[PDB]
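**Q** Can you read through this structure? Questions will come right after.
Just so it is clear, none of the values below were taken in a lab; they were calculated from the coordinates. All Cβ positions, even for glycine, are placed from backbone atoms using ideal geometry, and neighbour counts span all protein chains on display.
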Amino acid sequence: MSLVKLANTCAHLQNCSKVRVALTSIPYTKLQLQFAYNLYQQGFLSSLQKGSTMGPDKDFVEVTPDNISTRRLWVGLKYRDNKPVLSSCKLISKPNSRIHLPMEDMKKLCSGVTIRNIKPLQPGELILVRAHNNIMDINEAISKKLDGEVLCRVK
Amino acid sequence: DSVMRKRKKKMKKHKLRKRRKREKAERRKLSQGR
Amino acid sequence: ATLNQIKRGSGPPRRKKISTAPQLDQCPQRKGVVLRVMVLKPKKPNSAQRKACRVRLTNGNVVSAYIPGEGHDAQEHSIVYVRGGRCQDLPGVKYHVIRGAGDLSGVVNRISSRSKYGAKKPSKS
Amino acid sequence: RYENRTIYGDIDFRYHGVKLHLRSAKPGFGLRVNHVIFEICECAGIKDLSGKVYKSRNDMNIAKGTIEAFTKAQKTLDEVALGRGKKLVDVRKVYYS
Amino acid sequence: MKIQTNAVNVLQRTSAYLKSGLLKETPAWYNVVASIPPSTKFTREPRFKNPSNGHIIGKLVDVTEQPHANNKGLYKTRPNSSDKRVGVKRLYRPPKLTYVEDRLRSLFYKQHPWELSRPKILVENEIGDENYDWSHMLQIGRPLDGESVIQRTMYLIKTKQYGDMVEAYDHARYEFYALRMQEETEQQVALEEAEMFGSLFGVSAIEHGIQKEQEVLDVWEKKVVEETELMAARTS
RNA sequence: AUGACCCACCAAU
RNA sequence: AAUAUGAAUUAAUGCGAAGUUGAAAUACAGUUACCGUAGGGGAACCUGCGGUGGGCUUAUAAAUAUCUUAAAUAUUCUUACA
RNA sequence: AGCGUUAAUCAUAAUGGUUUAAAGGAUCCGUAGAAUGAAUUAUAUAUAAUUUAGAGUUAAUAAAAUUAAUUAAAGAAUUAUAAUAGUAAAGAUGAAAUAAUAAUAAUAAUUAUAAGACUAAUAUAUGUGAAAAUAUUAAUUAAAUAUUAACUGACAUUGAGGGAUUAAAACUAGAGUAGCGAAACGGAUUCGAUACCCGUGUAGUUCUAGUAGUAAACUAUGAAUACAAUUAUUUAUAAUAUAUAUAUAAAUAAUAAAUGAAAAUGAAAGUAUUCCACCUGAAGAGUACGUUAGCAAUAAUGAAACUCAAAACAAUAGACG
RNA sequence: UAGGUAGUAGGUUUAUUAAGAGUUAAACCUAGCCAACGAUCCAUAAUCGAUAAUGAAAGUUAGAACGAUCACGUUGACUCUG
């Protein structure tokens, strides 16, 4: 998958959160789906739906080779006390510099230790980790002891 | 600063005058068979 | 600076503190002989007759020095021990000398800061 | 404030030119920050912080900057929770040092 | 401006002062803005369907949802440029309230410009108590206007008493004319009769038409008294 | 206060 | 072959508490200034050419205005009312 | 039982930047890049196999634009030059001087030859070009548009070095040479005036083949991609039941947010990702020297010693013109 | 310091060697090999740690001292010994 795409998704979500947009669209790919699903499960998003370029789908539309170019993920942005719940979405691994951490170092990051210039996890922040072609929480990666590329630090 | 750039102008112009004097030394006995 | 550009080497300006008293070639006090001796005018806003010498050094590098204290024994051809330090006013003396070695003396009645100005506990009867 | 002594989480608010980078510290770590941040922290209550000011340490700007950080980039635990639709927890008391 | 914070956050602000000591007695209103919390979300919420033309805002024609070569005799299979130009702003963009009745309104007024000249009660009175049976081009309260003709053609196209919009409107167009024709006679009858029954009139339509006009002549006559003459001296 | 000096003007779109 | 040190003479530059001549720049700085280049000049500089604004957004009138119930009705109106 | 000071070392900020303060390459093409880069699935994190969103290619329909090179034309004037008739001044300037002005009959006039450069309005450089640049006309050649449709199947993002183009001046040949105008010389002004002003006016400005490769080559802003709130105008363009009010793009002008030392930037100087170039106090210095290239002027490359705690930018008052 | 390299680059076959290899010596092929991710050339320097110093950490410095490695005992070369 493409971290460049992920970088564009992370910047797009930050821009939409700053302008207080309720609903926005991101490219339909497996990476963006797993990324948005983790944000939804962690309560950063209000909704995650399939759609076209025009809007979220009302009824279930099958994804075919003919329609794949028009398909988007529609994501509901969450706001609480006139503030965005997704305030910052920054890449840790860049396209030019990928950061793979062992489980022990991911555990040290969760325990308040700085590793390879990655600041320790703070309360209410999320770090997404890529292990075995899946995206999950940094804590989830440690729980499965799955060493893999790091990804985004949501706050 | 334009004034600072102008000073270059005075300096390049001054060096141009030196170049004219150096030009006499150039193309002379020094740059031929030596 | 893109990483590739840093990987090549394009980073923080490393501050190597160039020596200010190089002629003491990487060594504390060096000794020398007072050639020319003169009094000089200090670049203003300061004005006072500055007392100094154009000492030569063992490393055979000529030096302009400054004589501290109020009273000196600068006799052309004396041998002294040159030290470090700027003369701020004298726009040239980048090396000072030690009032307390070689032929240089120790200011008289020098009552305080005697060490820097050369003097033994003025003893009394 | 977190546990009535330090900030909630490491911050990096950039006020004008001053780029403050304060980090919360373990209970005990005294007040270790720029003189100004110390007196603000002395009067605010923060008695366990640590940080540094980069581009432009504009004394006064540091002060406006610091109180701005405390109110802008220091979301309390409750907010993080109510908003995300979840409930974050405190583990240091669950150990009772 | 920029979504401000110190506007809908007064209770949070006062609460702090109330808990510390900056305040001693709570601002009376304190409770009210607690009972009725302030809407704080200022989200540019999205739209999904046009409130009027019933159109939908949010659909894409997946190609499979199509098979007839376009009029341009051609079976399109690959999605087209606009058909892939992320149109998210369109959802937020407020849709146009298009109404065919508005076209009929303009059409009637174009065909009958004197109706526009006719005074209309644009001022809307309690629109709530206005249920109007429109099988007839007349209603108690609502006066006669081309608007009535429009609301009338609706029955003929809703109930379907007639056929298409053009035919429907005309059926009522002649209905209107009659009411207007009878009114014209009624108008004259009042006078003629009243004229032939002890009636005196201080000023008529011809009278305002002359007095005001003659009044204007006062100004013009005096004006040319300076213009024409001033030029004689200006040229002599 | 440091702090003896300052020098140029020519005629219009 | 290379490096280093010397050389009559000669070049540039730096510093200096108060010498000389002119007044190039900053105001429309009294020829708009600079840029590239060329020529000329005691010296700042002057001049030719193209370029730039880091100067002209420094931008501020062709003057002319139309009636219908002037009211006992409009106006008054405080739960309306009815 | 050390304290100084000096001499070193470590720390004390890149958790930087480059429109305007050091600090974007003249421009683009494009090689390497141990540079980065679509999708889907399936293997053990690379293969294979699929996909069409990038990026391409070929039509067909729209609609026209000339941006290059070359060839062929047009035009107002200018000088000069006779012809002509006309008389005494002309012309220039703040005002005046002069020059080959004019009693050799001038200037003005009106005809008439010749020679050159240039190209008004339109005309907004809107635009068109990579950037240089670029609006007298046509001819040829070539590039450049939108939208569908067929295909291709990530084929790319842009790039060290290299190559290509590269204003004005300059240069080397050859022709040309009206006007302009370095230099020159003369007349002014002035205290002085090798200036501004004025008169002649040569190198040059033109072409042709070169050479050279620098400009405030500036939007003082490298290229690419994804994204973000409005309005008004261009305007492209589809559509409508063309002449309407609509949907798209594109540009231009005001802004929101955001960023910012501020000035202000405003779809970038915002949010992000990728790649290249470049900066690390001021002077000394883009100097010296070496080396390469050039017919040359020069161009690129590019130090150190010595000396300071200075030096630079945006916003503010105030004095000044 | 931008081109360097000719035993150089590799191949094959001999000499010697405890022994592979242009390692030498030898013989004969081929045309290489290295290089702007810095070759060749020049300059400087003994190297290092579970040693010492500095800092928050990355690091940064040192090399006296502890200890590890090297190299030399005035220079050069060679020879025996072993």
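**Q** Mind listing whichever residues of the range A:112-145 are farther than 22 Å from A:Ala36 by Cβ and in a strand (DSSP E or B)?
**A** A:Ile115, A:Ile118
**Q** Same structure, new question: Tell me, which residue of the range E:55-87 that is away from RNA strand H (no atom under 12 Å from the Cβ) and within 34 Å of the chain's Cα centre (by Cα) is farthest from the other protein chains (Cβ to nearest Cβ)? It would help to see each step written out before you state the result.
**A** So in the range E:55-87, the residues away from RNA strand H (no atom under 12 Å from the Cβ) come out as E:56, E:58-59, E:64-65, E:67-68.
Keeping just the survivors that are within 34 Å of the chain's Cα centre (by Cα) gives E:56, E:58-59.
On the way: E:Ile56: 9, E:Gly58: 2, E:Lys59: 5 Å.
Out of the qualifying residues, it is E:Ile56.
**Q** Also, I was wondering about something else. Scan the strands (runs of 3 or more DSSP E) fully inside the range C:5-70 and keep the ones with 1 or more residues being within 16 Å of RNA strand G (Cβ to nearest atom) and crowded, with 16+ Cβ neighbours inside 10 Å.
**A** Values: elements: C:30-33, C:37-40, C:50-53.
The qualifying strands (runs of 3 or more DSSP E) are C:37-40, C:50-53.
**Q** Let me ask another. Looking only at the range C:26-38, decide whether some residue is free of Cβ contacts under 8 Å to residues at least 24 places away in the same chain and within 16 Å of RNA strand F (Cβ to nearest atom).
**A** no
**Q** Among the numbered conditions (1) surrounded by 15 or more Cβ atoms within 10 Å (Cβ to Cβ); (2) free of Cβ contacts under 8 Å to residues at least 60 places away in the same chain, tell me where D:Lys52 comes up short.
**A** (1)
**Q** Of the residues D:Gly30, D:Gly17, only one is farther than 30 Å from A:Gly76 by Cβ, away from chain A (no Cβ under 14 Å), more than 16 Å from RNA strand H (Cβ to nearest atom) and free of Cβ contacts under 8 Å to residues at least 60 places away in the same chain; which?
**A** On the way: D:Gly17 fails: more than 16 Å from RNA strand H (Cβ to nearest atom).
Only one candidate qualifies: D:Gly30.
**Q** Among the residues of the range D:37-55, are any under 19 Å from A:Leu121 (Cα atoms) and among the hydrophobic types (A, V, I, L, M, F, W, C)?
**A** yes
**Q** For A:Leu109, are the conditions met, namely being crowded, with 17+ Cβ neighbours inside 10 Å and under 17 Å from the mean Cα position of the chain (by Cα)? Give the derivation first.
**A** On the way: crowded, with 17+ Cβ neighbours inside 10 Å: yes; under 17 Å from the mean Cα position of the chain (by Cα): no.
So A:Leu109 does not fit the description; no.
**Q** When you go through (1) part of a helix (DSSP H, G or I); (2) of a type in the set (A, V, I, L, M, F, W, C); (3) surrounded by 10 or more Cβ atoms within 10 Å (Cβ to Cβ) one by one for E:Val203, which number turns out not to apply?
**A** Going through (1) part of a helix (DSSP H, G or I); (2) of a type in the set (A, V, I, L, M, F, W, C); (3) surrounded by 10 or more Cβ atoms within 10 Å (Cβ to Cβ) one by one, E:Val203 breaks only (1).
**Q** At positive phi, out of contact with any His (no Cβ under 7 Å at 6 or more places or on another chain) and either surrounded by fewer than 21 Cβ atoms within 10 Å (Cβ to Cβ) or not β-branched (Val, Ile, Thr) (or both): which single residue out of A:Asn15, A:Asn82, A:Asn8 fits that description?
**A** Details: A:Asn15 fails: at positive phi; A:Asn8 fails: at positive phi.
Exactly one residue qualifies, and that residue is A:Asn82.
**Q** Which of the residues that make up the range A:71-109 are away from chain D (no Cβ under 14 Å) and farther than 29 Å from A:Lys144 by Cα?
**A** Those that are away from chain D (no Cβ under 14 Å) and farther than 29 Å from A:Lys144 by Cα: A:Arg71, A:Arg72, A:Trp74.
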